[PDB]
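Each of the two blocks below gives one form of the same protein chain as structure tokens; they are labelled structure 1 and structure 2.
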Structure 1
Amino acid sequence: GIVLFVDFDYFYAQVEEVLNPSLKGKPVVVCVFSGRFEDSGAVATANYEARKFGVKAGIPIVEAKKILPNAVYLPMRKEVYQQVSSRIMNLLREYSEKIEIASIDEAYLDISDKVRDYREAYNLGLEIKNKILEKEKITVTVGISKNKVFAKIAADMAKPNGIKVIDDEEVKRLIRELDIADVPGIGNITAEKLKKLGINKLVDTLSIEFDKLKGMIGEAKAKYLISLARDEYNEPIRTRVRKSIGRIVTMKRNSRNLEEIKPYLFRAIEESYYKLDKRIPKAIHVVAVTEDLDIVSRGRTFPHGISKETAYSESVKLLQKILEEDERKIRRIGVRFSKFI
């Protein structure tokens, strides 16, 4: 198998640089302004010039402005970015129809039938990079390896504006040498737990009793790590099938008054239901972010599909359930649809 993974560089900020070339080469910070007070909200993403000064995805806009007051601050235009993305995913389909879109800015291509070895895979990667540059003026990072996980690791090593092959021999090397926290699917919590068992590299999973690994990080993560360690991880590339679609919005001010929260909930529903595009969901969850930023939800699965009308009725009840069973004020409110027919 040969997998080619593509991830667009500083995507939203880069799209804004393409739409306004005079922004290029100086700090650009793409923001979601929440309206709670002047400059309330969070950074969605920043370009690399901005990142050098600590302005990155997830920090507050007021914190960013304290560091880079002279940066260019642009509101998030997600619809514009989705259009560029979709045009790029369609360019990627011309190189292989076996495509797994994994996010708004990344995809895995199985090119096993389009190229014969890694040398040709590398040349195709450069071809892909050059094409997206010609058509969309977007730079990307390409990772190439024998499976999805290592193609991902290869891109991570190579970003930004990179291309990198991890061949069979280097996979064997990384199984021994790569820090296990840098393996996709291993964050802070799982890494810490693995340290307590003395597992720092993938290779170390081959030494521990299966039930002890399973007991600490669970069956699925244990199977996954051992499979990578054996070099027998072989998840095929498959067409993305979206499993849930949702929208959460932020309120001008925290509240537990149902009548004040309803307008927001209902906008979340309108936007979410529009995003369904023909899909008919059987489950609905109302999702609230409380005043202390804890996430709570209540949901319901129906034996049949949920109409817009039923979504309205049922979401109000689920919001009432949250209010009755949780003391806290609500900061953000939204909805998630799943279990599509």
Structure 2
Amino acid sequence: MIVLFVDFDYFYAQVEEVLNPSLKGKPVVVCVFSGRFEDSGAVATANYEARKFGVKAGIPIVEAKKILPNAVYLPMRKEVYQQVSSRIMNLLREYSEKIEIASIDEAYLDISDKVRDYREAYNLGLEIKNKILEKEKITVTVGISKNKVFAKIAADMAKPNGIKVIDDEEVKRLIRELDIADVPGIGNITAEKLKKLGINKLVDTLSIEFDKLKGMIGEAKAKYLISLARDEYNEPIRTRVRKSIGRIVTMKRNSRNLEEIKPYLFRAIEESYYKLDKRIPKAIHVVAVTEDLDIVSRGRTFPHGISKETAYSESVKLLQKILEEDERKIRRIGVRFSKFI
């Protein structure tokens, strides 16, 4: 199996440079203004110029500005990015029927029927980079290898505007030298729990008792790692189907007065139904984020698809259930639909 991976570079920012070239070279930060107060909200992503000086995904727009008072600040235009993306993705489908769109900016291509070796792949990666650079003027990073994981790993080692290949040999190496927290799907909480066991590389998972690992990071993640450690990882590139759609919004002011929260819940639903677009959900969850930033949600499954009228009524019940079962005030309120027919 041969996997070619495409990761668009600093995507939201880049699309913004493409829409306004007079931005190339300058620091650009794509934000998500929450609305509570002047510049309240986080940073979605910034081009590399802005990353150098410490501005990056996650930090507050408030901090961001103290550091780069002149960097160009722009509101996240998700819609636009999503359309530009789809176009890019299509260009990809012209290189393999087996395509796994993973995110608005990542895609996996099983090209084990279009090349015979990594060289022929490399040349394909180059072809793909340039074809995307012409058509959409967007630079990307390619990662090629034996399975979706390492190909991604490859691409991280190269971005931006790069292209790398990890041969079955470098895999044996990485399995031995690569920091485990750098392995896809392994976040901070699991990275930590792994260092707390002395496990720092993929290999290390092989020298530990299984029921021990499983008890610390769960059965699924336990198996997932062991399988990589053994280079026994092969997972088909499959069409990924979104399994749930939702929306959650930050209220102007914390509260727990049912009638004050409703309007938001309802807008959250409307925006969610628009997004559902012909998909009929059989499950609804109302999600609340309390003042201390904790998350509390209550859902319910129906033996039939849910109409917008039903969502409205059921969501209020679930919201009440929340207020009853928790005393904290709500900061952000939202809804989530799933289990489509």
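Please note that residue numbering is based on structure 1, beginning with 1 at the start of its sequence. Rigid core here is just the name for the largest C-alpha set that superposes within 1.5 Å across the two forms.
Candidate set 80, 104, 133, 197; criterion, C-alpha shift of 2 Å or more between structure 1 and structure 2 after rigid-core fit; matching residue, 197. Core superposition gives residue 218 a CA displacement of 1.9 Å between structure 1 and structure 2. Core-superposed comparison between structure 1 and structure 2: residue 22 shows a Cα shift of 0.6 Å. When the core is overlaid, the C-alpha of residue 188 ends up 2.4 Å from its other position between structure 1 and structure 2.
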